[PDB]
Every structure is written in C-alpha cells, then in structure tokens.
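Asker: Let me see the structure of the following:
(one chain, ligands or ions: 1)
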Amino acid sequence: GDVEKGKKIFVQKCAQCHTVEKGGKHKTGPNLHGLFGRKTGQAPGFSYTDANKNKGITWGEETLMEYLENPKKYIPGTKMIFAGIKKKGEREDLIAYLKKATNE
Ligand code: HEC
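Answerer: Numbers count the residues shown, from 1 in each chain. Sure, structure below:
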C-alpha cells in the first residue's frame with residue numbers, strides 16, 4: 001500500500017483515539033507502537049475489554065485487513081467505536097502506514 005495515503009487515512013479516522021509513536025500515550029484507545037506481531041489486548045497499562053483481550057490473534061497485515069473492515073464483527077463487544085473501512089485499497093494504504101509508523 002501507499003504509506004503517505006495511509007497516513008492521511010490514519011489522521012482522519014484514527015488519530016483522535018490512537019497514537020502510533022514510540023512511547024506515545026494511551027488516549028481513548030491504546031498506543032499502537034509495536035502492534036505488528038503482538039497478540040490482541042497486550043499494550044501495557046490500558047483498560048481493554050475482555051473481548052479485545054480474549055480474541056487471541058496475532059496482529060499483522062492480514063488480521064488487520066479483516067479487523068478494519070468491520071471491527072465489531074471481528075471482536076464482538078469491543079469498545080472501539082468505528083464502523084470499519086470496506087474499501088480494500090484504503091485498508092491496504094492504512095496498514096502500510098501502520099507497518100512503518102508503529103515500527104519507527
Ligand atoms: C475512538 C472513537 C477510536 C477510534 C476512532 C479508533 N479506535 Fe481503535 N481502539 C479504540 C479503543 C477504545 C480500543 C480498545 C478496544 C477494546 O475493546 O478494548 C481500540 C483498539 C484497537 C486495536 C486493537 C489494539 C490491541 O489489540 O492492542 C487496533 C488495531 C485499533 N484499535 C486500530 C484502530 C484503527 C486503525 C483506527 C482508524 C481506522 C481506529 N482504531 C480508530 C478506540 C478507537
């Protein structure tokens with residue numbers, strides 16, 4: 001995907017609840033640094049729902065593609081309020097941005 005396009009998507013749809021940078025703060029949602037290769041619900045010091053702690057998948061390109069299409073269908077009972085992104089390219093750009101920014 002296109003990293004700079006994904007940044008614009010992140011800032012528009014995600015940044016109000018999430019930071020990405022190393023040492024970034026939790027907000028409404030958890031900081032996402034280190035997300036890739038981490039299991040669900042494992043950012044330290046954040047009140048996750050049991051739902052998000054129990055989903056039990058490893059976050060990566062493919063599981064984020066499925067999650068971001070419809071978060072509540074993938075993790076029923078999640079307290080993340082976000083409808084999803086049905087568009088494929090948008091998700092791919094976003095995920096490419098996240099794979100850079102949450103690893104930098
Ligand atoms: C506030 C209204 C949010 C919006 C906008 C976005 N996210 Fe979110 N996210 C939010 C919360 C409160 C939580 C915890 C949910 C729970 O049930 O505990 C989350 C969680 C995630 C995760 C899982 C993180 C993990 O398992 O460590 C991811 C990958 C995630 N959120 C990504 C994300 C994306 C990419 C967003 C824009 C498209 C987005 N969220 C918006 C709160 C909010």
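
Asker: Which residues of the protein lie near the ligand?
Answerer: 13-14, 16-18, 28-30, 35, 40-43, 48-49, 51-52, 68, 78-82 (Cβ under 6 Å from any ligand atom). (C-beta placed from N, C-alpha, C; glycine too.)

Asker: Going by neighbour count, which of these are buried?
Answerer: Among the residues of the chain next to the ligand, those buried by neighbour count (16 or more other Cβ atoms under 10 Å) are 13-14, 18, 29-30, 35, 40-41, 43, 48, 51-52, 68, 78, 80.

Asker: Looking at the residues you listed, which are in helices?
Answerer: 13, 51, 52, 68 (DSSP state H).

Asker: Could you pull up the residues touching the second one?
Answerer: With contacts defined as Cβ atoms under 8 Å, 6 or more residues apart in numbering, residue 51 is in contact with 75, 76, 77, 78, 79.

Asker: again, but for residue 78
Answerer: 49, 51, 52, 71, 72.
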